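First the structure, in the form of structure tokens, and then the observations on it.
Neighbour counts are summed over all protein chains in view; Cβ atoms, including those assigned to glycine, are modelled from backbone coordinates with ideal geometry. Read-outs throughout are calculated quantities, based only on the coordinates presented, and are distinct from any laboratory measurement.
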Amino acid sequence: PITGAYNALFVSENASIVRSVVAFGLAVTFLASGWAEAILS
Amino acid sequence: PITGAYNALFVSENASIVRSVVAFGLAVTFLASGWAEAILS
Amino acid sequence: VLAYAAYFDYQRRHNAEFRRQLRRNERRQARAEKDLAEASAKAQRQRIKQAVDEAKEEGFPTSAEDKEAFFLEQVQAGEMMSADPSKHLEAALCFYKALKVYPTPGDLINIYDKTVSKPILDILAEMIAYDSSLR
Amino acid sequence: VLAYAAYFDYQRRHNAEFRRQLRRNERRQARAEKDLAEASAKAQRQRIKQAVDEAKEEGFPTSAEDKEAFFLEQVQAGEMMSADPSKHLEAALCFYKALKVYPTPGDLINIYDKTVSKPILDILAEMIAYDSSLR
Amino acid sequence: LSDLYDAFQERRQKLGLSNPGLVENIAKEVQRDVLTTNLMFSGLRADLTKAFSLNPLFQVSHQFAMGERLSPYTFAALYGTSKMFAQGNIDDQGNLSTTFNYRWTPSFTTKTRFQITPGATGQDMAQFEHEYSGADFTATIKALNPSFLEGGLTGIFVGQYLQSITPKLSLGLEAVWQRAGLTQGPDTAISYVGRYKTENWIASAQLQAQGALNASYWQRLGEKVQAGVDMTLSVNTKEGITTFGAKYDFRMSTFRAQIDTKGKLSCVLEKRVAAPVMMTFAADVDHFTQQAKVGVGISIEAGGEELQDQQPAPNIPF
Amino acid sequence: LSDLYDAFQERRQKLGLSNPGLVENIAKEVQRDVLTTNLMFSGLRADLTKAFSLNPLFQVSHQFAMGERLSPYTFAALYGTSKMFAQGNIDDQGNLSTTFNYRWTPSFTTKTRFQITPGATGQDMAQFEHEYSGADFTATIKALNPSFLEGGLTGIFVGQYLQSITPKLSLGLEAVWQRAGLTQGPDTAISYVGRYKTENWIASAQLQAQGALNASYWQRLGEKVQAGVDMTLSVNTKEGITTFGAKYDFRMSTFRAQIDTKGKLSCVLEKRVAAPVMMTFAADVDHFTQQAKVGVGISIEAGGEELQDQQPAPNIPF
Amino acid sequence: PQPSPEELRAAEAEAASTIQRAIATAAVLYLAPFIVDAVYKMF
Amino acid sequence: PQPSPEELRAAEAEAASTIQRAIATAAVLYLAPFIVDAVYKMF
Amino acid sequence: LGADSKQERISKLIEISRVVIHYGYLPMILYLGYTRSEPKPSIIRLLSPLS
Amino acid sequence: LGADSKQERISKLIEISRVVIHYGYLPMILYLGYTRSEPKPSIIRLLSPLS
Amino acid sequence: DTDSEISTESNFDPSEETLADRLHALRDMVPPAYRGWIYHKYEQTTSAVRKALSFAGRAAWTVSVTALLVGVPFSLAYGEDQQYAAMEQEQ
Amino acid sequence: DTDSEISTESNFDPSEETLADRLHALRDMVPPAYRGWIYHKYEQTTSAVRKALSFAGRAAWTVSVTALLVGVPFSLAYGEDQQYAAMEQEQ
Ligand SMILES: C[C@@H]1CC[C@@]2(OC1)O[C@H]1C[C@H]3[C@@H]4CC=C5C[C@@H](OCCC(CO)CO)CC[C@]5(C)[C@H]4CC[C@]3(C)[C@H]1[C@@H]2C
Ligand SMILES: C[C@@H]1CC[C@@]2(OC1)O[C@H]1C[C@H]3[C@@H]4CC=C5C[C@@H](OCCC(CO)CO)CC[C@]5(C)[C@H]4CC[C@]3(C)[C@H]1[C@@H]2C
Ligand SMILES: C[C@@H]1CC[C@@]2(OC1)O[C@H]1C[C@H]3[C@@H]4CC=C5C[C@@H](OCCC(CO)CO)CC[C@]5(C)[C@H]4CC[C@]3(C)[C@H]1[C@@H]2C
Ligand SMILES: C[C@@H]1CC[C@@]2(OC1)O[C@H]1C[C@H]3[C@@H]4CC=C5C[C@@H](OCCC(CO)CO)CC[C@]5(C)[C@H]4CC[C@]3(C)[C@H]1[C@@H]2C
Ligand SMILES: C[C@@H]1CC[C@@]2(OC1)O[C@H]1C[C@H]3[C@@H]4CC=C5C[C@@H](OCCC(CO)CO)CC[C@]5(C)[C@H]4CC[C@]3(C)[C@H]1[C@@H]2C
């Protein structure tokens, strides 16, 4: 499991692309789910 | 007059010494004469 | 422990056979450690030899503008790698590739010998000796 | 003014003597301007010759450590002066002094020819030609 | 014929569409209103602005600065009217940047820009821009350094189009044509854009034909807080960066902060330390190198407070 | 014999002299209380100080910094008592600087300092200092890296003496002895100092045997303003610099500004933005190159406000 | 390296076709809202 | 260059004499206030 | 296509226009404001930073 | 003057003392405070930055 | 400078002159020595003006930045101090 | 590894051994292969600990600086905003 995920997330030719895409997915969810409004406001 | 003063004040081997000494003389006079207290306070 | 240590010391001092058994084991290990070092040195020597061989396959630029640009890139690549102690082999290869492209290698060697760190110079020095074609 | 200009133009066009008087004055001035340039060039040439002569009197270091230190100082001095267009003569002298101390002047010339600005190179090039002792 | 044109136009108006605005603004709410990228600076800065009128608008500004790639001094002047806007600013080195916008029609605008540098011949440039703003779309064409002196069209040309598909969805297009020299073939690039806009949140995307993708999301977190996230992907090597940030609108100050996947952190605090004076503090921290750039600046607008009798001229074509 | 010693001591006490303090402090009122030299910095800085007691004094501090020659992190702890003071601070790179001062007698103090760096063997050092404070004079002897391992005295030794001549005039002496290596001869340098002190103004001078002269003047310009001027001359080439500056003591902030003959301008503003929080803004402008260094920092002291029942221990030998 | 003259003509045609394909999309977008209206009215 | 052994002994004596001259001044300063007192009392 | 003499003349127009815009653009903006502003400022105040 | 063997031993004492001071000086100061402060802080709070 | 050399330009005509040549003749009216010497002074005078303006501009920048860097923090600190004095005086 | 070579150390004595030699004999008790292999693991384990502490320290610094750089300006701005809300509410 971890071997198939860590390699594709930090030691691959597209590691920088995956990290940017995943971070965007989290950020949008954090905002859209209303948690951000409940924490930052 | 100016020829004998400008040379010794900006284009001489001791020009930097003379400028520092003259500036100190003015600064002390400005403070000690009471003008500084009348302007800066 | 002290009783065993006293007996062990007493046996080693007064029993020659006990020393002989221990000495034989130590001597046997001494051979293995030296042999291991030689094997490690040969493998390192093979890596140096491999690195010089790899440079021949990629080839070198022929034009003066490409040679200067390639030289600067190899110097820049070697220097960039020289800061990392894990890239000393790769840094030396870039310096070796550049040295082979520079028109006066002897002068560049004097620059490297003074500007490049000794651990990289040691590998590069063997590269020069291995590549008998270097002028 | 227009009446004089019309008369002046009319005289120049129809009176050959008027042209001859003016042409003689212009030709006479043309000689002076060319002669002035040659005098200026010779004075500049003398300054270059003087600069090379001055370097001989100060002498050059003999030890390798002093030669390298002096070379670096002369390169540093030349480069520091090279940024000021009023010190091109002094900058070239430092580069000339360094070039005379460097062990492989030909390689350093290629560096200067590419790294140093042409106005300084022109003076330095004449310095090399004037100092027939430069290898 | 007008018979079809009138019927077509009438059917169009009944759709309730609206002008989506310039293509370059589809990410404004994130990239300019929330992220610090456009406000970050380093060193010291001081702007002394004098307003002489509001209708027509006329103000003169002196900027003093001491920092990374900041010119020691910049004099700028601008004049504006409901039909035109002219601005020019010149650095201590003589670099002159200018703008001249004129409304030939309320729906058609011409924008002219120049950048004249004495030091460098390459720097000198001229940009002509034409904009049309329909009831539901915007079209634009630009000509940067357009020249035919070599007997063929050269320079850079850009065309932009953005169309409102529904009251919330906007789709657009961008096209570039280039020919740096008549001896070489023309290069063309196309970019597709789109946006979905609502009161609470806005989503935008910008896809280059080269493969790069820029996407962003903006959401309001109440009356005083709003935040957005911006993502950039490049496939020139594969590289990508995602920036998350938020903005707080207090009474006397606005605080912006953001962090991105490359480990950079930056914040900007603008504070009204006085009625005419506004302070700005900017700090950018690179966590991978532990280095920080600090910026402090000030803005002063003496003229505006002493002339309240005339209100700002409308629709100045900035 | 005590007969003369008592009569001599009695005649001495009736002269009304007073202890002039350490030689290194003869210019404190200018070089530290007015000039910005000791407060200037660049980049970002944050000091988080926790006070655990006031008698004995004990506080722990974490410093975060990102700027020119500022270590990313520094942990410091100190303990103090009317008889002793111990402090140590360590950088992220392990450089440890320490101090240990002990009062063997109220008039005699021993100061020990160490500077241990893992990275550099040259950096490691040890400084032993002994001070005596008579009724009208102070004497001091220092030994930096004292060693006899080579069979001869080596290192750096310094002796300082300052004597009050009258209730206002103080004259002093400083002597240095050095021997970096037993193979080379010892080097000695002497410095003469003096000061005239009054309530309104103070004048000081520091003359090196090498020819360098440092002179300063300090004058109070009221209860909230004081200013001073400092002059430095060197004859190593001939060079000299004169610095004029003033300090303002407002209720919630202290503003310092100075300019010198080399064209540098600098100012420091320390502002109590909150009861435990103090801000610092520092800017240094070089008018000959038009470059500026901006420094922003903060200090937080959470512990002190919640323990008012014990007052600070007296005469801690800082 | 420098391009040949026939390759330039190939590039010039390619570039023109790309911009023509763009303008074709712009026309589709201008007509797109009426198409989207029909979909909401198909159900 | 490295110094000769006799030059080192010359330097060692010189250095000692300098510090001895300093301590002689310190003794003068310690006695200086009584001297200054006499001057005010001479008139 | 284009005559060589024409290209020289056309290029000259750009060179002249470049210089004019470099020197004349900012004074033009200041002139427009000074004559059309409401009210009209003083020539000294027209470029005073904050007075 | 000094015996060569003595210089080795004396130098060794400095080497050991250097390491001890490097590691032991700060914990010593923290220990003195923790046991002698008035009042005595919590081990967790002893190095908390502001809590 | 020979009468025979200058005599080669024996004949001239007003119509033969080209527009550029006729315009160039206007410059020929001024003596080359004077115009050359006037141009020299013009360069020296123009350089001095540029040096004076650069120095005057550089001095004004120094005074402007000095007054701002010192006057701005002080004005804020001094202003805030007056508020505390006012609030304390109102007690 | 020959019986005759090892036989050269035919005789030994407890008193002949020097204090340093007697202390060295204690280390001789441990098999060289094990001690050499244990030392290798010790270096690898000690390096990992130093790497973990460096990473843990570097992470804590990042969080501390991030919270300060963002929390400090915000806390001041937010605090000042509340004062205006309080003063306005008192009207
Ligand atoms: C050696 C170098 C040469 C320059 C310099 O030292 C260095 O030489 C010093 C001479 C000093 C002045 C002497 C006397 C006065 C008169 C007094 O006025 C109140 C007198 C009172 C009597 O009842 C009412 O009249 C005010 C002070 C002033 C002007 C001194 C100022 C500082 C000066 C200029 C010093 C200056 C720095
Ligand atoms: C050129 C590229 C095309 C995609 C894109 O540009 C780039 O163009 C936009 C299309 C958007 C989606 C369209 C419709 C909806 C339905 C809506 O439903 C809410 C409820 C509501 C209707 O039922 C009633 O209240 C939720 C959001 C979602 C999925 C959009 C997400 C963002 C998208 C993907 C945007 C994206 C940036
Ligand atoms: C080692 C070097 C020796 C000089 C020095 O250290 C360096 O030592 C100090 C001696 C000082 C002077 C001594 C006495 C007076 C008389 C006094 O008279 C006021 C009125 C008062 C007495 O009549 C009654 O109120 C005015 C000032 C003046 C001239 C001093 C100036 C500063 C001087 C030069 C100081 C200087 C720094
Ligand atoms: C000549 C050059 C250009 C101009 C300039 O010198 C250089 O001239 C200086 C005068 C300064 C101002 C004097 C007084 C104040 C009031 C103070 O207090 C607000 C309290 C608040 C309470 O509600 C509102 O009243 C805020 C700051 C301000 C405006 C100064 C700003 C900096 C200024 C503009 C300086 C500026 C840089
Ligand atoms: C964990 C790491 C260490 C600790 C730390 O995070 C990182 O924890 C954060 C909490 C922050 C404080 C929260 C609230 C306030 C009140 C505010 O308002 C004063 C109004 C005035 C009215 O008179 C007095 O009440 C002033 C600032 C202050 C103290 C913050 C300072 C920064 C602090 C200490 C941050 C600090 C860097």
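Only one of (1) polar (S, T, N, Q); (2) under 25 Å from L:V72 (Cβ atoms); (3) buried (at least 19 other Cβ atoms within 10 Å of the Cβ) is not met by E:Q206, so which one is it?
(2)
Is it the case that E:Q9 is over 24 Å from E:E129 (Cβ atoms) and assigned to a helix (DSSP H, G or I)? So that I can check it myself, show each step before the final result.
Numbers: over 24 Å from E:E129 (Cβ atoms): yes; assigned to a helix (DSSP H, G or I): yes.
So E:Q9 passes the test.
Of all residues in the range D:80-109, which are surrounded by fewer than 14 Cβ atoms within 10 Å (Cβ to Cβ) and assigned to a helix (DSSP H, G or I)?
Listed by number, the residues that qualify are D:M80, D:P85, D:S86, D:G106.
Report yes if some residue within the range B:30-41 is away from ligand 1 (no atom under 16 Å from the Cβ), not charged (D, E, K, R) and not in a loop (DSSP other than H, G, I, E, B); otherwise report no.
So the first thing to find is which residues in the range B:30-41 are away from ligand 1 (no atom under 16 Å from the Cβ), and the list is B:40-41.
Then drop every residue that is not not charged (D, E, K, R), which leaves B:40-41.
Those left that are additionally not in a loop (DSSP other than H, G, I, E, B): B:40.
Checked against the condition, which is being away from ligand 1 (no atom under 16 Å from the Cβ), not charged (D, E, K, R) and not in a loop (DSSP other than H, G, I, E, B), the range B:30-41 yields at least one hit.
Hey, any hits in the range J:14-29 for a residue that's over 25 Å from F:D92 (Cβ atoms), surrounded by 12 or more Cβ atoms within 10 Å (Cβ to Cβ) and of a type in the set (K, R)?
Checked the range J:14-29: no residue is over 25 Å from F:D92 (Cβ atoms), surrounded by 12 or more Cβ atoms within 10 Å (Cβ to Cβ) and of a type in the set (K, R).
Do the conditions hold for E:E270, that is, is it closer than 30 Å to E:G222 by Cα and surrounded by 18 or more Cβ atoms within 10 Å (Cβ to Cβ)? Please lay out each step first, then the result.
Numbers: closer than 30 Å to E:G222 by Cα: yes; surrounded by 18 or more Cβ atoms within 10 Å (Cβ to Cβ): yes.
Criteria met by E:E270.
Only residues that are more than 11 Å from L:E9 (Cα to Cα) and either touching a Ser or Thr at 6+ places or on another chain (Cβ under 6 Å) or surrounded by fewer than 15 Cβ atoms within 10 Å (Cβ to Cβ) (or both): list them for the range C:16-25, please.
Correct list: C:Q21, C:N25.
State the number of residues belonging to the range B:5-25 that are more than 9 Å from chain F (Cβ to nearest Cβ) and of a type in the set (A, V, I, L, M).
Of the residues in the range B:5-25, 4 are more than 9 Å from chain F (Cβ to nearest Cβ) and of a type in the set (A, V, I, L, M).
So is E:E150 more than 20 Å from the chain's Cα centre (by Cα) and of a type in the set (D, E, K, R) or not?
Details: more than 20 Å from the chain's Cα centre (by Cα): yes; of a type in the set (D, E, K, R): yes.
In short, yes.
Restricting the search to the range E:198-221, which residues are away from chain G (no Cβ under 14 Å), under 19 Å from the mean Cα position of the chain (by Cα) and either of a type in the set (K, R) or within 7 Å of ligand 2 (Cβ to nearest atom) (or both)?
E:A203, E:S204, E:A205, E:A215
Looking at the range E:31-57, which of the residues that are within 14 Å of chain I (Cβ to nearest Cβ) and in a loop (DSSP other than H, G, I, E, B) is surrounded by the most Cβ atoms within 10 Å (Cβ to Cβ)?
E:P56
Kindly indicate whether any position in the range E:223-246 is closer than 28 Å to L:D81 by Cα, aromatic (F, W, Y) and within 16 Å of ligand 5 (Cβ to nearest atom).
We begin by selecting, within the range E:223-246, every residue closer than 28 Å to L:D81 by Cα; these are E:223-229, E:243-246.
Checking which are aromatic (F, W, Y) leaves us with E:244.
Keeping just the survivors that are within 16 Å of ligand 5 (Cβ to nearest atom) gives none.
Checked the range E:223-246: no residue is closer than 28 Å to L:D81 by Cα, aromatic (F, W, Y) and within 16 Å of ligand 5 (Cβ to nearest atom).
Of the conditions (1) part of a strand (DSSP E or B); (2) within 14 Å of chain F (Cβ to nearest Cβ); (3) more than 21 Å from E:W218 (Cα to Cα), E:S299 fails just one. Which one is it?
(2)
On the basis of being surrounded by 11 or more Cβ atoms within 10 Å (Cβ to Cβ), in a helix (DSSP H, G or I), more than 13 Å from every other protein chain (Cβ to nearest Cβ) and charged (D, E, K, R), does D:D53 make the cut? Before you say what the answer is, go through the steps one by one.
On the way: surrounded by 11 or more Cβ atoms within 10 Å (Cβ to Cβ): yes; in a helix (DSSP H, G or I): yes; more than 13 Å from every other protein chain (Cβ to nearest Cβ): yes; charged (D, E, K, R): yes.
Taking the combined requirement at face value, the residue satisfies it.
I'd like the full set of residues that are in a helix (DSSP H, G or I), in contact with a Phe, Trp or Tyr (Cβ under 8 Å, 6 or more places away or on another chain) and not hydroxyl-bearing (S, T, Y), limited to the range C:110-134.
Step one: filter the range C:110-134 for residues in a helix (DSSP H, G or I), giving C:110-115, C:118-130.
Then drop every residue that is not in contact with a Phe, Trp or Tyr (Cβ under 8 Å, 6 or more places away or on another chain), which leaves C:112, C:120-121, C:124, C:127-128.
C:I120, C:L121, C:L124, C:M127, C:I128 - these are the residues of the range C:110-134 that are in a helix (DSSP H, G or I), in contact with a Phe, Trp or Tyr (Cβ under 8 Å, 6 or more places away or on another chain) and not hydroxyl-bearing (S, T, Y).
This table checks each residue for (1) among the polar types (S, T, N, Q); (2) surrounded by 11 or more Cβ atoms within 10 Å (Cβ to Cβ); (3) within 16 Å of ligand 5 (Cβ to nearest atom).
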{"position": "K:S7", "(1), (2), (3)": "yes, yes, no"}
{"position": "K:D28", "(1), (2), (3)": "no, yes, no"}
{"position": "K:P31", "(1), (2), (3)": "no, yes, no"}
{"position": "K:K51", "(1), (2), (3)": "no, no, no"}
{"position": "K:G71", "(1), (2), (3)": "no, yes, no"}
{"position": "K:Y78", "(1), (2), (3)": "no, yes, no"}
{"position": "K:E88", "(1), (2), (3)": "no, no, yes"}
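Take the residues of the range E:148-185 that are in a loop (DSSP other than H, G, I, E, B), within 7 Å of another protein chain (Cβ to nearest Cβ) and of a type in the set (A, V, I, L, M): which is surrounded by the fewest Cβ atoms within 10 Å (Cβ to Cβ)?
E:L149
So which of K:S15, K:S47, K:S64 is more than 10 Å from chain F (Cβ to nearest Cβ), outside any helix (DSSP H, G or I) and not hydrophobic (A, V, I, L, M, F, W, C)?
Details: K:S47 fails: outside any helix (DSSP H, G or I); K:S64 fails: outside any helix (DSSP H, G or I).
The conditions single out K:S15.
Condition (residue is among the hydrophobic types (A, V, I, L, M, F, W, C) and away from chain B (no Cβ under 11 Å)) applied to the range F:256-265: is it met by at least one residue? Before the answer, list the steps.
Looking only at the range F:256-265, we keep the residues that are among the hydrophobic types (A, V, I, L, M, F, W, C), and these are F:257, F:259, F:265.
Narrowing further to those that are away from chain B (no Cβ under 11 Å): F:265.
Yes, some residue in the range F:256-265 is among the hydrophobic types (A, V, I, L, M, F, W, C) and away from chain B (no Cβ under 11 Å).
When you scan the range D:5-17, how many residues do you find that are within 10 Å of chain K (Cβ to nearest Cβ) and either in contact with a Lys or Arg (Cβ under 6 Å, 6 or more places away or on another chain) or closer than 12 Å to K:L26 by Cα (or both)?
Here the count works out to 4.
Within the range F:232-246, does at least one residue satisfy the condition of being assigned to a strand (DSSP E or B), more than 14 Å from chain B (Cβ to nearest Cβ), within 20 Å of the chain's Cα centre (by Cα) and among the β-branched types (V, I, T)? It would help to see each step written out before you state the result.
Start the filter on the range F:232-246 by keeping residues that are assigned to a strand (DSSP E or B), which leaves F:232-234, F:239-246.
So of that shortlist, the ones also more than 14 Å from chain B (Cβ to nearest Cβ) come out as none.
No, the range F:232-246 contains no residue that is assigned to a strand (DSSP E or B), more than 14 Å from chain B (Cβ to nearest Cβ), within 20 Å of the chain's Cα centre (by Cα) and among the β-branched types (V, I, T).
Just one of F:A257, F:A283 is closer than 16 Å to E:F64 by Cβ, part of a strand (DSSP E or B) and within 16 Å of ligand 4 (Cβ to nearest atom); which is it? If you could, list the steps in order and put the result at the bottom.
On the way: F:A257 fails: closer than 16 Å to E:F64 by Cβ.
Just a single option satisfies the conditions, and that option is F:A283.
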